[PDB]
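Protein sequence lines, in the order shown, are assigned to chains A, B, C, D, E, F, G and H.
Converting from the first sequence to the numbering used here requires adding 101 to each position, the first position being numbered 1.
Converting from the second sequence to the numbering used here requires adding 1057 to each position, the first position being numbered 1.
Converting from the third sequence to the numbering used here requires adding 33 to each position, the first position being numbered 1.
Converting from the fourth sequence to the numbering used here requires adding 50 to each position, the first position being numbered 1.
Converting from the fifth sequence to the numbering used here requires adding 18 to each position, the first position being numbered 1.
Converting from the sixth sequence to the numbering used here requires adding 247 to each position, the first position being numbered 1.
Converting from the seventh sequence to the numbering used here requires adding 1 to each position, the first position being numbered 1.
Converting from the eighth sequence to the numbering used here requires adding 1 to each position, the first position being numbered 1.
The beta carbon of each residue, even a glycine, is placed where N, CA and C say it ideally should be.
Working notes, structure below.
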Amino acid sequence: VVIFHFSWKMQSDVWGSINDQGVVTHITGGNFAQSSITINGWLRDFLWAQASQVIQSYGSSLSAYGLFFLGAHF
Amino acid sequence: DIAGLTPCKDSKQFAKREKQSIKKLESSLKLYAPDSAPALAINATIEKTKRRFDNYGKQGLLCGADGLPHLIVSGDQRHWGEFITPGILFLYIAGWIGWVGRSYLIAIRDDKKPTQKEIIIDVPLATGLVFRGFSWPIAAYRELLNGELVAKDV
Amino acid sequence: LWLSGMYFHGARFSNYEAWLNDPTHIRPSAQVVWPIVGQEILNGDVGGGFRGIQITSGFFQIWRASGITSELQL
Amino acid sequence: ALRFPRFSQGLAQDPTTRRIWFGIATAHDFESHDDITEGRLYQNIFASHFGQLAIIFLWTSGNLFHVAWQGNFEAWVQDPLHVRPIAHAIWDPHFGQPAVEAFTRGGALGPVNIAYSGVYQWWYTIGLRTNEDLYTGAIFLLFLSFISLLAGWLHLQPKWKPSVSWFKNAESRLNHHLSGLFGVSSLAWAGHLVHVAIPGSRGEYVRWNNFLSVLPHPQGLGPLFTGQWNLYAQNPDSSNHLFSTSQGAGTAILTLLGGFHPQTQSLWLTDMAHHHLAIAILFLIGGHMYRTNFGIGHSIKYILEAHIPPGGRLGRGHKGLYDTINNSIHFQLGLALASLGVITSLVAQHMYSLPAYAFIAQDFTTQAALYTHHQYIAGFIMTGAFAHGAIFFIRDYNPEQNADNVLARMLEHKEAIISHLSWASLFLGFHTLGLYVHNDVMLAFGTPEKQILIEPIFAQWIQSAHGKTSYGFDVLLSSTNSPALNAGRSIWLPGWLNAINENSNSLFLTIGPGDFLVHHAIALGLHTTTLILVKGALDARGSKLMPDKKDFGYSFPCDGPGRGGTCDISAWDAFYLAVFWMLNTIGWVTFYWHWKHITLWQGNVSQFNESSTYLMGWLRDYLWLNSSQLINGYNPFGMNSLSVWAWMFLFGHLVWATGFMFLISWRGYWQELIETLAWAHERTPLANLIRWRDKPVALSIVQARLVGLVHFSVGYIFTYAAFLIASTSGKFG
Amino acid sequence: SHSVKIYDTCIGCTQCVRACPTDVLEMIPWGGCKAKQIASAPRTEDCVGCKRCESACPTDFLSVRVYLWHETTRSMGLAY
Amino acid sequence: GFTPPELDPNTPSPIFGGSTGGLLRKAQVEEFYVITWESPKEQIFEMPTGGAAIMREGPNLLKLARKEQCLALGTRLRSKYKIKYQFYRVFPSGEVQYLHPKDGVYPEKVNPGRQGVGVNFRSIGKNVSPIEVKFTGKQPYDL
Amino acid sequence: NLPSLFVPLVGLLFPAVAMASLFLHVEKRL
Amino acid sequence: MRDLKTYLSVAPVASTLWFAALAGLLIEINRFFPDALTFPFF
Ligand code: CLA
Ligand code: CLA
Ligand code: CLA
Ligand code: CLA
Ligand code: CLA
Ligand SMILES: CC1=C(/C=C/C(C)=C/C=C/C(C)=C/C=C/C=C(C)/C=C/C=C(C)/C=C/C2=C(C)CCCC2(C)C)C(C)(C)CCC1
Ligand code: SF4
Ligand SMILES: [Ca+2]
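Take a look at the structure:
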């Protein structure tokens, strides 16, 4: 729970891309305030949304992570 | 052909997979220089992909609507290389392993401490027994007819 | 021995000299796999003309902070 | 006695809270109660059966009442494919205004739940048309539940309680069940179909007021006593016929068309009436086999005694099996649960492939819910069949009266049976997993062409044997020359071949390599679950580790840490371990069924045929993808009618994970913790004026396994039921 | 309370009595075995059911048997 | 013939500051136990309920909540130190019941004045099948 | 209108009476 | 020396050497004959 808190907080309120004029858009659109106050929000707006990369990594250089995901489940 | 399948040499999806795979590797190739080491690596992977697809289409592999080789294990003589022939090869190897290990356990069962030669391998005894599995279907078959393979009343 | 392996991989199978010139675009990588059973797909485009596995240990940042530049020092 | 439980003195004299739990968990175990006799045993069982029948009648009565009161049945009959049936009405004072808004559907005034049991299609197909008909059936079943309780109470006073000899009258019971309970009921059901259902399916509303005036057939009854029964099959309904109307209607009452009604996509109502009539009269003749009070018939004892092969390969055959089963109610319940679980799975496999209720094949949520329901029901029933088989071996098996028959010989080579079940489970598990991992690695490295996709050619050959053309193996029914095809062209083969090759229904769906891998996972699940239950049932009376297990009963914690450790060594623990494998097996079965249909209903069978061959496809293209509308049942921006499933979805995840606590953590930790809590209460002011009258103790080891299994199973069922219905009804297709 | 029984396969090694943590077992004189002594369970009201005695029996099969029966305050190990 | 020693109150108790593992309401309304021993000197000994206590020189009396606590402390008194010990049970009425050592001889040492209780005269595997005791209040091992 | 009477009668009053009566019977002595 | 050879015959070391030789052999076989879903030599 600690590391999931860290991940979602950094991807929602800090990490992102900054414009030339100073417009910062975070990796997730500041969804931490409204989505993380709910267990269903943690299930949907965190796990279901951010597991896309690992369930789509087949056929790329990140496919080893897609294999380790399921092997660790096993 | 069989089960509605079409041979991979005739399937368009099979050839489209080979095209799209090679073109995807070529898309990775344009990023690097023609004399580069990643270039020779990607070129070797492309040649390896062509060899794989050509070999699958040449040996009579059947393809589904997905353009992927489907195997037929019913025993049809047109596809014995897909299961029965490699399966006989496996059963030869598996019987070899089991027969040699069995010969080892029989040879050490009369030792003072049989557990000693099970956690510390007697490599000389092993090296002398590893080649008895070469004729395992014979030595086993004879032990079947002579009542030596199965322990009586267990 | 583990640290020896780390510095040696930074020297022999890495793109540290390329990450040193463009640290914001290059992905740090210090492991390159052999091409045997198609696992060379894991040697992904990491920038600087390098195909490898992106590393997250942070040895590039440490070696830059210490002042290391050439593969010889590693 | 002296206090609860009045049937167990040792539980009543328990000074701890354990008295209450074990009093509840052992209420129906009549054989363990104090001062039990064979008479009281059979009599309590008899009255419990009546109480169960009363429960079932009351339950169905309530279902009719709500469908007729708050439901859509009258409106649903007019638009069977455009009206969402209503289960009941919702009255929750915790609802916000939007919850009332989003849950008001199906054309109702208040919030309602959309029924997914299929009773609307069932009742419309059998002749019920108005809410008044449903009220009539509810009153009749409420009255039937009343007389069930009446008979249950009746046979509990002296001179009405029967002797144990009457319960042990097996010959008479089989004759009546086959003749009356099975045959006469099916015969009368064929009567209802040809009087009310078939004419109701042709526009004629036949009820108790006018059923004496209408003729089920223009030339009724006459031909039945002549032998020219074919006149009842002369004028069927046209293939262009509407169910509630008469355009295309005929006059036949007993046909063998073989296909489906093109409009409703359900079996021909005349075929079903003829079916029940044929199997009924087959049950009627078959119900005259055994001997009663008339000097003719068989002695089941003598039949079992005579079946002994010379040469002694089965020893003494079946000698003594008659009294062995007729004296053991656990043996009889094991056979009953085994046969019931098989035909329950049979019902599941046939209701989705051969829908018999009108306009139920298009209600995809209903088909998925019904198949999942019965498969989990059958899975539990099968675990119970083997559980009571082990209970029979401990409580009722007499080794001397079963000397050297087939039953004792099962124990004689228990190691052979258990070892080979282990080999088959190992073989299936090793290879099925290996092939799945191989294909996973291939698709990881971006080389799909290197997968191992084996064609399920044996089942494809069977589907071609039934007349399916998709594989073109040119065997009977699929080949023009085979006598199996020529003999049936006159009767069922036109409609049968017309239905099997229709690409919309699920009558023998097209199978590929993905179906080959899943069916072997099914074989792994069946073999391993069988292995667990059989090893527990055969090692229930004793093992090399505990040669006197029969003395310790069926359910005990363990035998101590001695001799290496004996945790989970009872046959009850074998059942407890097998339920996890049952849930896993039925999980594989239902994941399979739901994905194939949810891709079929979406018209995208290629995604299943290409993604079911590797397990990352199951995680990504089945669970993750279909959970979208479900998990968005309520979001930071609002909610819709799927929120009740998003909540139950998480609810099932909680109960399931709560069971892990009872299954991972064990007792001694919690006992010492409760001791530290008892000290806390005795030393706290004000509160120490309140004294507990039962000493707080940690849950028993066996109780912990049961509580953990129940949380696991409840979370299992509720999580999947929430996802199943929300992902299917959210699209409705 | 839990039931405890001693079978005549006992050899009289007095190990069940040494391992017992609530003084339930005794060693009485007997004529069946070599040590001239067999075990008995005269105080099963104090028996807790730990089966520490069965863990120490060298007989095959066991000569001490602890059949867990009706739980009491003494058998549940309650100090409260 | 053996005569059990009567429990003498006002007997000194070991030096101890107090712990939370002591007696509860069970001692007040149900029962409690008391172990006594002699000891040669003032020593320290670990308490079966809490920490450490100072064993007084000469007669010692210690009241515990369970019987197993008494025998465990006695076994350590007999092993680490070389001290004989007895312990009794005390009902809320004031009645005292002598427990161990019952005969005055330790239970692991055979004594001629002892009678058999629950001793089956057959192999353990010679018990009957449960069906032969069904509908009776018997068990296959009670016989 | 009937749900406004029977829903509390089975979710509040019925479990209250049922749990209290079962408590008295379970804790009763003879 | 004899003790050193006896150590090399222990189960984990014999397993590593045996499985390393086995892993290298299968790697070279799939290096000279990559892919191959069938037995092509008939
Ligand atoms: C087992 C059948 C069954 C089931 C599962 C339900 C379920 C439900 N009923 Mg219902 N009911 C039933 C039979 C059933 N009913 C029968 C036979 C009648 C008489 C025709 C009614 C009349 C009725 C009314 C008027 C209302 C409900 C309502 C409800 C809902 C709210 C809960 C409630 O008020 O309790 C049920 C209340 C009752 C009075 C029914 C109990 C009386 C019957 C005879 C059952 C016998 C109970 C008996 C004392 C104990 C049964 C033992 C055990 C099986 C429980 C709920 C979904 C309310 C609703 O619509 O919610 C919005 C509501 O307004 N029911
Ligand atoms: C299954 C039946 C059931 C029913 C019918 C209700 C009904 C209700 N619940 Mg409740 N709830 C239930 C189960 C149930 N709950 C369960 C199982 C839980 C545990 C998860 C909860 C937890 C819960 C919480 C946390 C809250 C509610 C609240 C409410 C009220 C909100 C609606 C409102 O604003 O009314 C009117 C609101 C009022 C304050 C008027 C009160 C109604 C009068 C005073 C009732 C009189 C009581 C009567 C004298 C004695 C009753 C007991 C008796 C039968 C022995 C409502 C009357 C809310 C609430 O009570 O508001 C404070 C709220 O806070 N419920
Ligand atoms: C000489 C070794 C040997 C041999 C001949 C056998 C033979 C057999 N085993 Mg078996 N097994 C072995 C080792 C062996 N096993 C080991 C080490 C284990 C522990 C992992 C097992 C665990 C095991 C189980 C759980 C089961 C069997 C079963 C069986 C029987 C069915 C075939 C099978 O399923 O095999 C399958 C083989 C395995 C699952 C593991 C084998 C591992 C390797 C290949 C064998 C070891 C080789 C040895 C190290 C070589 C020594 C070299 C020597 C010359 C120095 C069969 C007669 C099944 C049975 O009961 O029959 C109905 C069954 O259920 N075995
Ligand atoms: C017609 C079928 C049938 C019949 C007549 C019996 C009859 C019997 N069974 Mg049996 N059983 C069956 C099917 C059947 N079983 C099936 C299908 C299974 C597989 C699950 C089992 C598994 C089983 C086991 C393991 C045991 C029995 C035992 C017994 C005997 C005593 C039962 C008892 O008194 O405990 C009372 C039962 C209860 C108090 C039920 C409480 C637990 C339930 C499941 C919790 C409810 C679930 C949940 C809380 C509700 C939903 C959640 C909610 C939020 C919606 C008894 C003669 C026991 C026995 O005596 O062994 C010798 C025994 O240990 N059965
Ligand atoms: C013709 C006379 C007759 C009849 C009709 C019956 C009928 C019945 N007896 Mg009975 N019995 C009889 C004579 C008879 N008996 C005699 C002479 C004796 C003395 C030997 C007994 C001794 C006896 C005992 C000891 C017991 C019974 C019991 C039962 C009941 C069984 C439970 C049940 O309802 O399942 C219903 C069965 C069916 C509906 C038919 C089979 C169902 C099939 C397999 C599946 C369903 C078919 C279809 C697909 C369903 C579609 C689903 C859809 C409708 C929703 C049943 C109503 C039990 C009982 O008393 O319960 C209270 C029981 O304990 N009988
Ligand atoms: C443990 C135990 C028990 C129990 C048991 C069980 C549980 C069993 C079972 C089982 C099962 C669960 C079975 C199943 C089965 C089935 C079968 C055996 C079948 C069949 C059939 C056939 C052969 C078919 C044929 C056909 C036809 C007819 C037509 C079409 C084609 C075909 C081919 C399909 C008891 C109590 C007894 C005793 C004690 C012990
Ligand atoms: S189970 Fe424990 S307390 Fe009971 S007699 Fe055996 S050793 Fe003594
Ligand atoms: Ca079809």
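Residue burial classification, residue i (beta-carbon count within 10 angstroms, cutoff 16)
i	result
residue 1078 (chain B)	buried
residue 7 (chain H)	exposed
residue 262 (chain F)	exposed
residue 662 (chain D)	buried
residue 129 (chain A)	buried
residue 344 (chain F)	exposed
residue 617 (chain D)	exposed
Residue i Cβ short of 7 Å to ligand 2 heavy atom set
i	result
residue 506 (chain D)	no
Residue nearest to residue i in terms of C-alpha spacing, selected from the options
i	options	result
residue 35 (chain E)	E:88, E:96, E:93, E:83	E:83
residue 298 (chain F)	F:320, F:376, F:333	F:320
residue 315 (chain D)	D:289, D:329, D:652, D:384	D:289
residue 48 (chain E)	F:371, F:370, F:357	F:357
Ligand 6 heavy atom lying under 7 Å from the CB of residue i
i	result
residue 384 (chain D)	yes
residue 439 (chain D)	yes
Residue i Cβ short of 7 Å to ligand 7 heavy atom set
i	result
residue 68 (chain E)	yes
Rounded Cβ spacing between residue i and residue j (contact assumed at less than 8 Å)
i	j	result
residue 62 (chain C)	residue 79 (chain C)	4 Å
residue 188 (chain D)	residue 114 (chain D)	4 Å
residue 1116 (chain B)	residue 1138 (chain B)	7 Å
residue 202 (chain D)	residue 246 (chain D)	Contact doesn't hold; Cβ gap of about 31 Å is too wide.
Beta-carbon neighbours of residue i, restricted to chain F and to distances below 9 Å
i	result
residue 84 (chain E)	None at all; the shortest Cβ gap to chain F is about 10 Å.
Near ligand 1: residue i beta-carbon under 7 Å from a heavy atom
i	result
residue 198 (chain D)	no
residue 136 (chain D)	no
residue 203 (chain D)	no
Chain E contact residues for residue i, given Cβ-Cβ distances below 8 Å
i	result
residue 271 (chain F)	97, 98
Residue i beta carbon near ligand 3 (any heavy atom closer than 7 Å)
i	result
residue 326 (chain D)	no
Residue i Cβ short of 7 Å to ligand 8 heavy atom set
i	result
residue 317 (chain D)	no
Where residue i meets chain C, residues with beta-carbon distance less than 8 Å
i	result
residue 161 (chain A)	74, 77
Contact test: residue i Cβ vs ligand 4 heavy atom, cutoff 7 Å
i	result
residue 388 (chain F)	no
Cβ-heavy atom distance, residue i to ligand 5, below 7 Å
i	result
residue 216 (chain D)	yes
Residues that residue i contacts on chain F, provided the C-beta gap is smaller than 8 Å
i	result
residue 45 (chain E)	354, 355, 356, 357, 358, 361
residue 36 (chain E)	355
8 Å Cβ cut-off: residues of chain D touching residue i
i	result
residue 130 (chain A)	By Cβ distance, chain D contributes nothing, its closest Cβ being about 12 Å from residue 130 (chain A), past 8 Å.
Contact list for residue i against chain F, beta-carbon separation under 7 Å
i	result
residue 56 (chain E)	366
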